[PDB]
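K.L.:
So that we are looking at the same thing, I have put the structure below in structure tokens.
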Amino acid sequence: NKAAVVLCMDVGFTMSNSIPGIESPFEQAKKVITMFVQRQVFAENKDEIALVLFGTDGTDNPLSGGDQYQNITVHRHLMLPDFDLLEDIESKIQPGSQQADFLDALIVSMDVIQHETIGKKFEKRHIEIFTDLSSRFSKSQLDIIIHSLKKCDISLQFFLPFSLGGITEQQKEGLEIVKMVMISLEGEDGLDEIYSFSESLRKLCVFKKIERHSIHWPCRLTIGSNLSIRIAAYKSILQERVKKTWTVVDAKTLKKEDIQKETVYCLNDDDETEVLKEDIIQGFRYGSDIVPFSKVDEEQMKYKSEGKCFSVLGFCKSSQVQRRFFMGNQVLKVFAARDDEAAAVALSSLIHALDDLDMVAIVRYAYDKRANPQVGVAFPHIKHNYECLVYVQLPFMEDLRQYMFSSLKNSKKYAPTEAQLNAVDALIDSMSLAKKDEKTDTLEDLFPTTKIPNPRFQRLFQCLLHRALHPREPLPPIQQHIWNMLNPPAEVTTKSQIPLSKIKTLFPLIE
Amino acid sequence: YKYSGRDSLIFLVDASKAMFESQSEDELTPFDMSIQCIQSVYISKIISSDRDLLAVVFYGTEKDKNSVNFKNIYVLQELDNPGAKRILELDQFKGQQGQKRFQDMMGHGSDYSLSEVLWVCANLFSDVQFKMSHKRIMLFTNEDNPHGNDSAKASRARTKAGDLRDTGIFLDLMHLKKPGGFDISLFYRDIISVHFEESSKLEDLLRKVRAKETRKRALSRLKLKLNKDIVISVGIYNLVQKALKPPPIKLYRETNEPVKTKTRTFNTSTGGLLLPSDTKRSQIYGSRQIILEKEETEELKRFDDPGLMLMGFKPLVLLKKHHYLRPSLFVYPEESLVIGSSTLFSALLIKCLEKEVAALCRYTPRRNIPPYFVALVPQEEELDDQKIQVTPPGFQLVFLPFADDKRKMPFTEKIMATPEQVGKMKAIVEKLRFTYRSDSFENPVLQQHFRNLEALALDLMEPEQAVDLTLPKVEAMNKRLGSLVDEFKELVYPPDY
Amino acid sequence: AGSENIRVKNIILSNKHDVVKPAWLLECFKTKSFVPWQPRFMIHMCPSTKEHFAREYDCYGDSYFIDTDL
Amino acid sequence: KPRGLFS
DNA sequence: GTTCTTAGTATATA
DNA sequence: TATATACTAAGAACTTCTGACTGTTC
């Protein structure tokens, strides 16, 4: 997939003044565009960015005219984002003293897209305009503009100082015109395409999520020996690790090729050096001694397999397996290979039967040849959009461990007295992060942890920024929004003072 | 027990003419049975607990050597870490030709005295220096009365055996086989810790397993703190680990010597030698290059001091199976660090169990690690089958995935089935029932790798080529369910594949 | 090899080596001299030995390689 | 779900 | 201080 | 763009002089 980005900011006069209690739309949307360029910089996505800082005191645009396409400075055309562009935006921008139309800039960016998005392969186009709606605009080309946006496949969004839920009549009629235009583009849902500037901060503050496409792995779901079904494996969860990762470079020269991580193999006697990649044969420890195994004998005596071999070993009760024992690296999602409906309905029969009879399947698994086989739970899942089945590694016997762990109900030496018990009751009721809402028993899960970005990547991108935007400078601390993000929502902490206080007088806390 | 200590098992077989050639029939032989048992258990212990100690010592023989130069005692291989050099020594005796070798090298089997025999085994345990966790002696005999002739020998036998019982050493016999004379109340009810002619206790010593174990051990002790002031001591333990094959060691081809890898890094422009301070980390973004300290590339992870951060609590239905991320772990208090914290741990566990509610936490296993979100879902203990620990009581560690893990699925529409197919699938899924047990299966790869390891170690004719329950038993599925595959075909299958 | 193992088989399976029966070197030792190897002395070999079959460069087989004897 | 500008 | 135990960080194949 | 193996990198669970004893002697 591909996308084209053309941001449009105004550098007029009105945004140079605002209420002293709130930052001006100039600097507000300025921080917004800065950190948006940050987003599409860190993400390695092939999105190409262009900038139009219209409302200029001059006019530097390919469509310059006396009154047609006037007061526009195209910052740079539709190419890849890069740091120096961000720095120049942070610096080169200047407060203005003029006022200019935005439909002008909209058509200018339209022409840029029509002039470049066909010269290079593209799939979807986006136009974004930031302004304060203090312009003098005529509704002449709006029909034609929206027509081209439909034909050129460009989505228009507007971002405005006011909130939908104190502006000039100029701004008010501009807002009505904006509503008309957006509805004239998509429909009634055009209301959602109206955006303020504070909510832009709220919805944008986090760094870009690391989206990760999976692989269409189709497999033959085998049950018995005569009921093969084409099955498509997709994914639900994987411990995500960074994709760009640390290149080792020499100081004061900063070239990668100037370093060799060559490995040399020696002998313990007189430091004799062994020839690197043919005199060593891999051994193994069998008690005291070492057995000269090798690589060729490895490939000859290694265990073999037929291949995909996703074959059902059998069916079992839900409680027959447990949460604890789930031994997977990753959790698959088991869906039908598309375009074969009969397979899908057969799988649906499977899933629903397992669901109502709370039965669970156990299937031999293997991603492919030369890979270790795998046995684990095949759990079925139901969603109103679609039924689901998921596979997880469950342990082999050597992988399971056993421990005594002397029990606790022998607490004649610990003695949880009733005062402590009802104290802990007061706690676990009072710090209850989740509490029922809307009478639908959707508890107060304002800590889903499923929508929350991984702070590791947040800190990594923040570091790369802070030491990219600057030359050598010391690192900053954790941005407070990250900490507020990681910490529980405040009200839970507020409710917690009294119960923890009653804890501190009821237990020993030796050093 | 003390972890650095190790298990020690000594082997001791009646070498008299009694069972050397008992062979009432021609299908077994007690010496060919005892040596088989020793070989099997010892090869299993090779892979299982290679750190432990074994020894084999025969009594009643005619040749002599031991620590004290006594009569009719032979220490075949002393107490030491197990190894192939002794697999072969034991294997040298397996066979009718092998028993001929054994008899004409050590003896037909002379007179003996188990008093002196226990003497010898006691000295063997005393000799070795490593601390011992458990100490067990296995006899191999069927002369259920060692001597009804000299009562003084037998009195000295009770005395010395009781001493060994009080020096920290256990003793055990499996009654192998005898025509009559298959009782334990005859002189042995006071020795070992109704009866028949063969021991079930020796059959399991042929179960021939290649598991491996690690004893009661923390992965990491971290101080769970309820808030900024209340802190309790928790030992993060591991209950499933996904064992990998033991890491191979590189050998010089031909000496079979260790090769002591010596990887390094140095310059290409000059023949210098870069030192760890002399290198910088780097990335490439936005067509511009980035530099940071090797120190800084780990400082970019400093997020919280080690420990556990409890925030609130959740209903166990909201914690979903659908979003497993990592192997779970276990939570159990460790009394050592914060005295009395076990009480608060127990209180939290009991009360959370009572109100059927989860506990959420931030987990920072060590320094330089970003935190994840973990659920302290309590676990009740179950012992019902034989009053032995099955599910340890405490808390899970159900790691909760971060947003960057969801892996947005390529949406496809759904098609309901008709209740006829699901009604027949009810019988389908019923028929293929089988109870699942946690230890039901083995890795074919790990097992086969270990097997090939013994095969190459002991110069066998051909490896064991173990067949393992991982492969399905196809005839069973074709038979016990019937031909209902064609029923579901004629229900929901058009001609195309 | 005095006796086979599967590694024998491995190096049998890895014909990059020529795998020799023990008595011939004893023969060579009892000859006080290297007796040039004749496949009566072997179990299996890379083909280059077999192009040697003539005692020189022209065959691949046997039912052929015999010297006046009983 | 949020898309485009938000994604 | 020694050894260990992870991990995780890397690389390589279709 | 996957997963598999290797590696190496680190952390933790394993030592750290002093006290007491018995002789030996008178």
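In the structure tokens, chains take the letters A, B, ... in the order shown, each chain's residues start at 1, and ligands count up from 1 in the order shown.
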Using only C-alpha atoms (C1' of nucleotides), determine which residues of chain E fall within 12 Å of chain A; present them as a PyMOL selection string.
P.N.:
chain E and resi 8-10+13-14
K.L.:
Which residues are close to residue B:45, i.e. within 12 Å by only C-alpha atoms (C1' of nucleotides), leaving aside same-chain residues fewer than 2 positions away? Reply as a VMD selection string.
P.N.:
(chain A and resid 286 to 287) or (chain B and resid 7 to 9 38 to 43 47 to 55 81 to 84 87 205 to 213 454)
K.L.:
Give me, as a ChimeraX atom specification, the contact residues of chain C against chain A at a cut-off of 10 Å, counting only C-alpha atoms.
P.N.:
/C:6-7,9-11,13-14
K.L.:
Quick check for you: according to DSSP on this backbone, which residues of chain C are classed as strand (DSSP E or B)? Reply as JSON, numbers by chain.
P.N.:
{"C": [19, 20, 42, 43, 44]}
K.L.:
Tell me, in Å to one decimal, how far atom CA of residue B:104 is from atom CA of residue B:22.
P.N.:
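Taking atom CA of residue B:104 as the start and atom CA of residue B:22 as the end point, the length is 17.2 Å.
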K.L.:
Excluding residue A:8 and any residue of its chain fewer than 2 positions from it, enumerate the residues within 6 Å of it, using only C-alpha atoms (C1' of nucleotides), and give them as a list in words.
P.N.:
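In the requested form, the answer reads residues 51, 52, 53, 128, 129 and 130 of chain A.
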K.L.:
Output N, CA and C atoms of each residue in that selection to a file, as an mmCIF file, in the first residue's frame.
P.N.:
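And here's out_30.cif as it stands now:
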data_model
loop_
_atom_site.group_PDB
_atom_site.id
_atom_site.type_symbol
_atom_site.label_atom_id
_atom_site.label_comp_id
_atom_site.auth_asym_id
_atom_site.auth_seq_id
_atom_site.Cartn_x
_atom_site.Cartn_y
_atom_site.Cartn_z
ATOM 1 N N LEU A 51 4.366 19.983 1.920
ATOM 2 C CA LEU A 51 3.944 21.009 2.858
ATOM 3 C C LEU A 51 3.552 22.268 2.101
ATOM 4 N N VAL A 52 2.472 22.907 2.563
ATOM 5 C CA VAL A 52 1.983 24.158 1.988
ATOM 6 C C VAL A 52 1.693 25.099 3.146
ATOM 7 N N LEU A 53 2.555 26.094 3.336
ATOM 8 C CA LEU A 53 2.405 27.058 4.428
ATOM 9 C C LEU A 53 1.734 28.339 3.921
ATOM 10 N N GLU A 128 -4.643 17.621 3.971
ATOM 11 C CA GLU A 128 -4.913 18.133 5.309
ATOM 12 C C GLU A 128 -4.626 19.623 5.314
ATOM 13 N N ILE A 129 -5.554 20.408 5.850
ATOM 14 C CA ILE A 129 -5.406 21.854 5.942
ATOM 15 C C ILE A 129 -5.585 22.270 7.394
ATOM 16 N N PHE A 130 -4.613 23.003 7.924
ATOM 17 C CA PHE A 130 -4.747 23.640 9.225
ATOM 18 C C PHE A 130 -4.949 25.134 9.013
#
K.L.:
Hey, list the chain A side of the contact with chain F: 9 Å cut-off, only C-alpha atoms (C1' of nucleotides), answer as a ChimeraX atom specification.
P.N.:
/A:214-215,367,371
K.L.:
Residues of chain D within 9 Å of chain A: nearest atom pair and distance (Å, one decimal) for each, counting only C-alpha atoms, sorted by chain and number, as CSV?
P.N.:
residue,atom,partner,partner_atom,distance
D:4,CA,A:126,CA,8.3
D:5,CA,A:157,CA,8.5
D:6,CA,A:203,CA,7.2
D:7,CA,A:208,CA,8.2
K.L.:
Using only N, CA, C and O atoms, please write the residues we just selected to a file, as a PDB file, in the first residue's frame.
P.N.:
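Printed below is part-v7.pdb as written:
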ATOM      1  N   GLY D   4      -6.797   6.578   8.821  1.00  0.00           N
ATOM      2  CA  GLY D   4      -6.199   7.654   8.056  1.00  0.00           C
ATOM      3  C   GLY D   4      -5.410   8.624   8.908  1.00  0.00           C
ATOM      4  O   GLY D   4      -4.298   8.320   9.350  1.00  0.00           O
ATOM      5  N   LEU D   5      -5.985   9.808   9.130  1.00  0.00           N
ATOM      6  CA  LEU D   5      -5.371  10.828   9.968  1.00  0.00           C
ATOM      7  C   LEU D   5      -4.992  10.314  11.353  1.00  0.00           C
ATOM      8  O   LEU D   5      -3.973  10.750  11.896  1.00  0.00           O
ATOM      9  N   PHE D   6      -5.798   9.429  11.926  1.00  0.00           N
ATOM     10  CA  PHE D   6      -5.533   8.886  13.245  1.00  0.00           C
ATOM     11  C   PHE D   6      -4.592   7.680  13.226  1.00  0.00           C
ATOM     12  O   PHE D   6      -3.842   7.482  14.189  1.00  0.00           O
ATOM     13  N   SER D   7      -4.655   6.851  12.171  1.00  0.00           N
ATOM     14  CA  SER D   7      -3.874   5.626  12.099  1.00  0.00           C
ATOM     15  C   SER D   7      -2.434   5.917  11.696  1.00  0.00           C
ATOM     16  O   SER D   7      -1.526   5.130  11.966  1.00  0.00           O
TER      17      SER D   7
END
K.L.:
Would you give me, as a VMD selection string, the residues in chain C that DSSP reads as alpha helix (DSSP H)?
P.N.:
chain C and resid 6 to 13 23 to 30 47 to 51
K.L.:
Please provide as a ChimeraX atom specification all residues within 12 Å of residue C:55, with the sequence filter that same-chain residues fewer than 4 positions apart are discarded (counting only C-alpha atoms (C1' of nucleotides)).
P.N.:
/C:36-39,48-51,59-60,64-66
K.L.:
Go ahead and write the selection's residues with N, CA, C and O atoms as an mmCIF file, in the first residue's frame.
P.N.:
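The resulting again-v1.cif:
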data_model
loop_
_atom_site.group_PDB
_atom_site.id
_atom_site.type_symbol
_atom_site.label_atom_id
_atom_site.label_comp_id
_atom_site.auth_asym_id
_atom_site.auth_seq_id
_atom_site.Cartn_x
_atom_site.Cartn_y
_atom_site.Cartn_z
ATOM 1 N N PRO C 36 49.857 -51.319 -0.966
ATOM 2 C CA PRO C 36 48.870 -50.455 -1.622
ATOM 3 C C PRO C 36 47.484 -51.067 -1.560
ATOM 4 O O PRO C 36 47.321 -52.286 -1.660
ATOM 5 N N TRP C 37 46.449 -50.305 -1.202
ATOM 6 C CA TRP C 37 45.220 -50.943 -0.716
ATOM 7 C C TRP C 37 44.429 -51.586 -1.866
ATOM 8 O O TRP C 37 44.198 -50.954 -2.897
ATOM 9 N N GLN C 38 44.019 -52.840 -1.690
ATOM 10 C CA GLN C 38 43.243 -53.600 -2.669
ATOM 11 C C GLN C 38 41.886 -53.918 -2.057
ATOM 12 O O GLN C 38 41.895 -54.393 -0.930
ATOM 13 N N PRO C 39 40.725 -53.661 -2.694
ATOM 14 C CA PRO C 39 39.445 -53.492 -1.978
ATOM 15 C C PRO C 39 38.940 -54.667 -1.125
ATOM 16 O O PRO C 39 38.104 -54.471 -0.247
ATOM 17 N N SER C 48 37.200 -42.479 -6.874
ATOM 18 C CA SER C 48 38.528 -42.285 -7.446
ATOM 19 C C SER C 48 39.386 -43.536 -7.290
ATOM 20 O O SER C 48 40.130 -43.964 -8.163
ATOM 21 N N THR C 49 39.164 -44.240 -6.197
ATOM 22 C CA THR C 49 39.730 -45.568 -6.005
ATOM 23 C C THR C 49 39.318 -46.541 -7.114
ATOM 24 O O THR C 49 40.106 -47.332 -7.626
ATOM 25 N N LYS C 50 38.057 -46.466 -7.510
ATOM 26 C CA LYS C 50 37.405 -47.310 -8.488
ATOM 27 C C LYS C 50 37.937 -46.989 -9.878
ATOM 28 O O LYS C 50 38.294 -47.899 -10.615
ATOM 29 N N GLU C 51 38.141 -45.730 -10.229
ATOM 30 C CA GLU C 51 38.853 -45.474 -11.484
ATOM 31 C C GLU C 51 40.248 -46.080 -11.418
ATOM 32 O O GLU C 51 40.615 -46.732 -12.370
ATOM 33 N N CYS C 59 37.791 -48.881 -14.664
ATOM 34 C CA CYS C 59 36.504 -49.562 -14.338
ATOM 35 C C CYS C 59 35.678 -48.814 -13.250
ATOM 36 O O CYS C 59 35.950 -47.644 -12.982
ATOM 37 N N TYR C 60 34.703 -49.521 -12.662
ATOM 38 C CA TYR C 60 33.872 -49.136 -11.516
ATOM 39 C C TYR C 60 33.397 -50.324 -10.633
ATOM 40 O O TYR C 60 32.850 -50.093 -9.580
ATOM 41 N N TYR C 64 36.033 -59.439 -10.532
ATOM 42 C CA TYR C 64 37.141 -59.138 -11.428
ATOM 43 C C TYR C 64 38.510 -59.085 -10.720
ATOM 44 O O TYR C 64 39.524 -59.405 -11.334
ATOM 45 N N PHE C 65 38.567 -58.621 -9.470
ATOM 46 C CA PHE C 65 39.782 -58.091 -8.842
ATOM 47 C C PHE C 65 40.461 -59.151 -7.968
ATOM 48 O O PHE C 65 40.294 -59.179 -6.750
ATOM 49 N N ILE C 66 41.197 -60.054 -8.611
ATOM 50 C CA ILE C 66 41.742 -61.290 -8.020
ATOM 51 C C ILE C 66 43.095 -61.684 -8.637
ATOM 52 O O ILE C 66 43.340 -61.489 -9.825
#
K.L.:
As a JSON list (two decimals) with C-alpha atoms, in the first residue's frame, could you give me every residue of chain B near chain F (at most 9 Å apart, counting only C-alpha atoms (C1' of nucleotides))?
P.N.:
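This is the output file iface_31.json:
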[["chain", "number", "residue", "atom", "x", "y", "z"],
["B", 3, "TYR", "CA", 20.73, -26.63, 46.17],
["B", 4, "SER", "CA", 24.45, -27.07, 45.56],
["B", 219, "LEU", "CA", 14.18, -17.06, 38.58],
["B", 220, "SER", "CA", 14.41, -13.69, 40.41],
["B", 366, "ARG", "CA", 15.75, -6.72, 36.39]]
K.L.:
May I ask you to extract the residues of chain E within 12 Å of chain B, using only C-alpha atoms (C1' of nucleotides), and to give them as an MDAnalysis selection string?
P.N.:
chainID E and resid 3:8
K.L.:
Residues of chain B within 10 Å of chain C, counting only C-alpha atoms, what are they? List them as a PyMOL selection string.
P.N.:
chain B and resi 455-456+458-463
K.L.:
Point out the residue among B:271, B:419, B:378, B:327 with the least atom-to-atom distance to chain A, counting only C-alpha atoms.
P.N.:
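Checking each candidate against chain A, we get B:327 as the closest.
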